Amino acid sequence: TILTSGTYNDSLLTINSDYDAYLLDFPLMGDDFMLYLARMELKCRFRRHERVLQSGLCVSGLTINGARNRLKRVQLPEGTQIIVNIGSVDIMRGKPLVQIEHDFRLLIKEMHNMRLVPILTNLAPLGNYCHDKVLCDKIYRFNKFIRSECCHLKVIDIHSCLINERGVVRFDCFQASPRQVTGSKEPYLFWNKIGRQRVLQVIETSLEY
């Protein structure tokens, strides 16, 4: 609220590639999925003073609105390009698709206002939610929305590398059991070593030149 404004941890105002989640000098923004990828593959460290796990702009339980709020609480040079993977939490929390798209449209617009350039990744499939056709349909439609809404921006399809030729999720790219996370109550099925490598490869090769 107005009363409590500005009482957040001032250490959140700045990020630094020495400790925070970065990929090839691009700050990373996302939820537990990107956070975990950064922890395993990119040597990131968690912030000591926050009870919710986070590293830079990667925050456990980060929704699209969370991301919108987080960026207001960060200060980066104009023209800074940020690799974004956001929306899985919104879908897991069962937010209405129309609201998800509404929020995402506002995030993009707000980043423009802040002179921050999003490099978008679409959403990986949620491995433990395969039997939920509604949720899977939401991922499909949201990913299609990203591709159209962000037609002027770089959009990286990471969803495809985790699906087989038959259209089934590659379970050999995911861990065997779900995990509890700090920022949300829903169970997460994390990408295993093979999953992480595949996703990381897609991202890197899409930005090489």
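In this text, residue numbers run from 1 along the sequence as written.
- According to the PDB record, 69-77 carries the higher mean C-alpha B-factor of the two stretches 96-104 and 69-77.
- Of the two segments, 180-188 and 164-172, the one listed with the higher mean B-factor is 164-172 (C-alpha atoms only).
- In this PDB entry, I15 carries a Cα temperature factor that places it within the lowest third of its chain's modelled residues.
- Among all modelled residues in its chain, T121 ranks in the middle third by Cα B-factor.
- Per-chain ranking of the deposited C-alpha B factor places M114 in the highest third.
- The deposited CA B-factor of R45 belongs to the middle third of values across its chain.
- Remark: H152 belongs to the lowest third of its chain, ranked by C-alpha B-factor as recorded.
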